[PDB]
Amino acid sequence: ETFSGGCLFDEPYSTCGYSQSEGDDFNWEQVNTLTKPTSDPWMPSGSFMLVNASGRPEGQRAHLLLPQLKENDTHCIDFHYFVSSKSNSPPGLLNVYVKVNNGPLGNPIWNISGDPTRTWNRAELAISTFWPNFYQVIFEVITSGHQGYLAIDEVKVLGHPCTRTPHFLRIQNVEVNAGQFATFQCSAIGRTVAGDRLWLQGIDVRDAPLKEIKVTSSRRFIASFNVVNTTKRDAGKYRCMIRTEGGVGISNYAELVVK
């Protein structure tokens, strides 16, 4: 029993290999408004995972974890999400995390500050981590203190590149000596436009600046990030990150070596 990674929440979520945490503050609820309706104006319809934020203080955390995914083909994760609030004010933050090969949680690769618009919005994830390696998508709500709803009514894992996000190509470790720049060549397939934010995130390390985006064709660009005048207190793991109006794409972790 492997898992596609995805879930309509029509069956119990453990059917999809989704799980929760007992190490945090609560749990997501699983609802179906067709089988038990609700006259709550701020409630969405259908089958979904819900956070009810009523009588929850600020700071409270709750994780819905995807099965570990061990993909061969370049693929796409998209989820569909909903937020509502009685106040014109948000019920919580929603964060998406990726741990790769059982690693540290790291930072949210994608997040909304949860503005309560009671509509559904798509977001797609383009993760470059493949068999024999694996990763785990983790949905984390953190409550604002005000009442309302955050919901996810379906996650889909498709076997093709993401449409609204470029995806990165394997990026190799970088090795240099001392007082001299270290260049990361974040090479992608797809299109990038104005709004798009592009960045190299290093754990425990101040982020290298975007140095340039060099577009080679309608389907290929390289974003390059320069860590200048390098020392030992610079060495660690780096990753390519693109945020577009549609999703987030992330390369594998490249490592930095200093001689």
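In this text, residue numbers run from 1 along the sequence as written.
J.: Do the CA atoms of 203-211 or those of 188-196 have the higher mean B-factor in the entry?
T.: Between 188-196 and 203-211, it is 203-211 that shows the higher mean C-alpha B-factor.
J.: I need to verify one thing: averaged over C-alpha atoms only, is the B-factor higher for 142-150 or for 174-182?
T.: Mean B over CA atoms: larger for 174-182.
J.: Looking at the temperature factor on the CA atom of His160, which third of the chain's modelled residues does it land in?
T.: CA B-factor rank for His160: middle third.
J.: Within this chain's modelled residues, let me know which third the CA B factor of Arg219 belongs to: lowest, middle or highest.
T.: Highest third, going by the recorded CA B-factors of the chain.
J.: Please place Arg56 in the lowest, middle or highest third of its chain according to the CA B-factor in the PDB entry.
T.: Tercile = lowest for this residue's CA B-factor.
J.: Pull the Cα B-factor of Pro104 out of the PDB entry and bin it into the chain's lowest, middle or highest third.
T.: Answer is highest: the recorded C-alpha B-factor places it there.
J.: For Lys232, return the chain-relative third of its C-alpha B-factor as stated in the PDB record: lowest, middle or highest.
T.: It belongs to the middle third of the chain when residues are ordered by C-alpha B-factor.
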